[PDB]
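To start, the structure under review is shown below, and the notes come after it.
Computed from the coordinates by the stated procedures, all read-outs in this text should not be read as laboratory data. Neighbour counts run over all protein chains shown; Cβ positions are idealised from the backbone, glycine included.
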Amino acid sequence: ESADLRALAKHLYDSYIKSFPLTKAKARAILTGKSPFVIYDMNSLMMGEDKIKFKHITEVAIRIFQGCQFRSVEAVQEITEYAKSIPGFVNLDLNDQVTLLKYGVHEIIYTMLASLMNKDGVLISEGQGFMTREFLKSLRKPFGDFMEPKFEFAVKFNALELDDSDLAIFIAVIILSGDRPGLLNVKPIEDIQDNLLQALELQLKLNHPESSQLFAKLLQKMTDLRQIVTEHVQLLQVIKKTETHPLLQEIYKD
Amino acid sequence: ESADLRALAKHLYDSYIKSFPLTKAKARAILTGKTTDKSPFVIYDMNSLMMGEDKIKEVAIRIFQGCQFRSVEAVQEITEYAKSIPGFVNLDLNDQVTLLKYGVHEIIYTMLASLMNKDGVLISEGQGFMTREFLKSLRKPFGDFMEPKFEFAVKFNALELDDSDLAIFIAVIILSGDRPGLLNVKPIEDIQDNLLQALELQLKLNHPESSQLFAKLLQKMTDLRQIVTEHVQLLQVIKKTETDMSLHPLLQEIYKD
Ligand SMILES: Cc1ccc(COc2cccc(CNc3nnn[nH]3)c2)cc1
Ligand SMILES: Cc1ccc(COc2cccc(CNc3nnn[nH]3)c2)cc1
């Protein structure tokens, strides 16, 4: 059994590597010791677009948001491709695959955004840029407080010092949550999650021997993830209520 | 590599099933009396059309408006599916919009063929079936909307594609680097090259005794273009004649420019 959990851990890490171009290791390397272009106020953002070839650019506050929606839609596709490698996922009922992705992408998006944040800012644009936390906060209400709860989560989450090999298994666990509303067949889902939890537990024990109950502590963060998503939806229900193009709004439904 | 193209074919098929609730497989089981599905109520005339409400302006306007609601829903589905085509969401955003703007019709009339035979067309997710002759008896010019779509469907349906074939083909259609106004033609053409390569292998494996089916399928892109032009010129007549009637905003933003 233990050899099997090592094998599963290795398979997931390989898939994560093929699926996510900017890994946590690569991001920490950029945030520590080339280097990214920095956006810290209104002036460095005008320059930042000249320089960085933004794929999302057709007012300041909404334009940064739309780019966050752009990259998030890109992230969905990366997570979806990763999910397919999780053993048993593709044998699940199709509707349930869709249901698991739909309710899980937001949680995985904020998990992986933390790999790319520190207390001072967040990498953007595949790490070519770095946008400070102060400039984000300084955005007019209600735009200057959607990334702030993200940062505060990332601070605490990053203090657990997970690497990519850890996150690969953790992300699979989130996807295989048997309590998403509207699932048809919870068995194989909760069955696969049991195997993944067993592998994450062994991974954390071998990779962080001195970090007692890191397994438990990481589980406790899934609580914080659910809380942030529900609070994010509440802001999304207002950016779709305060700020008011048909084809574009169709691409960025949800 | 063939193994990689097979994986692309599987990906698109799997995403196609997730995006389009009413497949060709389900439509044919409804139209050919199979017992996996149910028989449609058939609308011929004012009398059945009126019984169709109690089972599923004026007549011709009401059919047109409902057909417009359906086009909007299809545009929503085709949008979801496009985001699944690898590389699509990584393209410049203005081009994504452009690829959907010119793409959705060619795809709509492709998938509308799945819902047709020579005698009429499934409606309301297959619960209903409206005849080709009733659609032509509609007053001018609403009676001319549907007939060219029937003529294409009859020829297109003789290729005998199933949903796995269609999924790659509609992907090829979205990723056309000759759409007007595109900014970065090259990355769009790089993706279509893989899509075309995947469709080629898919057609050879799924239809091994169907020679030049790949060529024959690319050739229908000609018939698709003509349907769109005709359809647009027909919508311009109603815009000048029924100044009380409104096009849905998603639809009007597609036809603009
Ligand atoms: C792994 C991952 C998942 C989701 C997201 C999506 O979340 C964000 C938030 C802030 C900036 C960016 C980068 N792109 C951008 N946004 N604004 N300008 N460039 C993305 C990023 C990574
Ligand atoms: C409930 C209902 C469903 C379908 C129809 C009509 O059948 C369809 C079905 C799908 C696409 C199109 C597009 N064809 C078109 N667009 N504008 N004019 N013709 C026509 C009428 C009522």
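Per-structure values
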quantity: Region A:182-204, residues that are over 14 Å from A:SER2 (Cα atoms), assigned to a helix (DSSP H, G or I) and touching a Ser or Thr at 6+ places or on another chain (Cβ under 8 Å); calculated: A:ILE189, A:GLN193
quantity: Which numbered condition A:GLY48 misses (of (1) within 11 Å of ligand 1 (Cβ to nearest atom); (2) surrounded by fewer than 20 Cβ atoms within 10 Å (Cβ to Cβ)); calculated: (2)
quantity: Some residue of region B:146-161 being outside any helix (DSSP H, G or I), more than 14 Å from ligand 2 (Cβ to nearest atom), within 14 Å of chain A (Cβ to nearest Cβ) and among the acidic types (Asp, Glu); calculated: no
quantity: Residue count for region B:147-182, restricted to those that are touching a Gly at 6+ places or on another chain (Cβ under 9 Å) and not hydrophobic (A, V, I, L, M, F, W, C); calculated: 2
quantity: Which listed residue, of A:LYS241, A:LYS205, A:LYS187, is among the charged types (D, E, K, R), surrounded by 12 or more Cβ atoms within 10 Å (Cβ to Cβ) and more than 21 Å from the chain's Cα centre (by Cα); calculated: A:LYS205
quantity: Condition check for A:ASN91: in contact with a helix residue (DSSP H, G or I) (Cβ under 9 Å, 6 or more places away or on another chain) and assigned to a loop (DSSP other than H, G, I, E, B); calculated: yes
quantity: Subset of region A:68-106 [small (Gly, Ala, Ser) and within 9 Å of ligand 1 (Cβ to nearest atom)]; calculated: A:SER72, A:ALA75
quantity: Every pair of residues 6+ apart whose Cβ atoms lie under 6 Å, when the first sits in region B:230-243 and is more than 14 Å from chain A (Cβ to nearest Cβ) while the second is part of a helix (DSSP H, G or I) and within 14 Å of ligand 2 (Cβ to nearest atom); calculated: B:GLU230/B:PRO148
quantity: Complete set of residues in region B:162-181 that are in a helix (DSSP H, G or I) and not hydroxyl-bearing (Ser, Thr, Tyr); calculated: B:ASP163, B:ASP165, B:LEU166, B:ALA167, B:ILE168, B:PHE169, B:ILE170, B:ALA171, B:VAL172, B:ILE173, B:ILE174
quantity: Helices (runs of 4 or more DSSP H) contained in region A:1-60 and holding at least 3 residues under 25 Å from A:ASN118 (Cβ atoms) and of a type in the set (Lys, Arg); calculated: A:24-31
quantity: Options B:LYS18, B:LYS26, B:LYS34; residue that is charged (D, E, K, R), more than 16 Å from ligand 1 (Cβ to nearest atom) and away from every other protein chain (no Cβ under 14 Å); calculated: B:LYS34
quantity: Residue within region B:133-152 that is more than 16 Å from ligand 1 (Cβ to nearest atom) and at positive phi present; calculated: no
quantity: Output for region A:51-64, where each listed residue is more than 8 Å from ligand 1 (Cβ to nearest atom) and crowded, with 19+ Cβ neighbours inside 10 Å; calculated: A:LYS55
quantity: Filter result (in contact with a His (Cβ under 6 Å, 6 or more places away or on another chain) and facing chain A (nearest Cβ under 9 Å)) within region B:53-95; calculated: B:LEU93
quantity: Some residue of region B:160-174 being exposed (fewer than 14 other Cβ atoms within 10 Å of the Cβ) and either more than 18 Å from B:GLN219 (Cβ to Cβ) or aliphatic (A, V, I, L, M) (or both); calculated: no
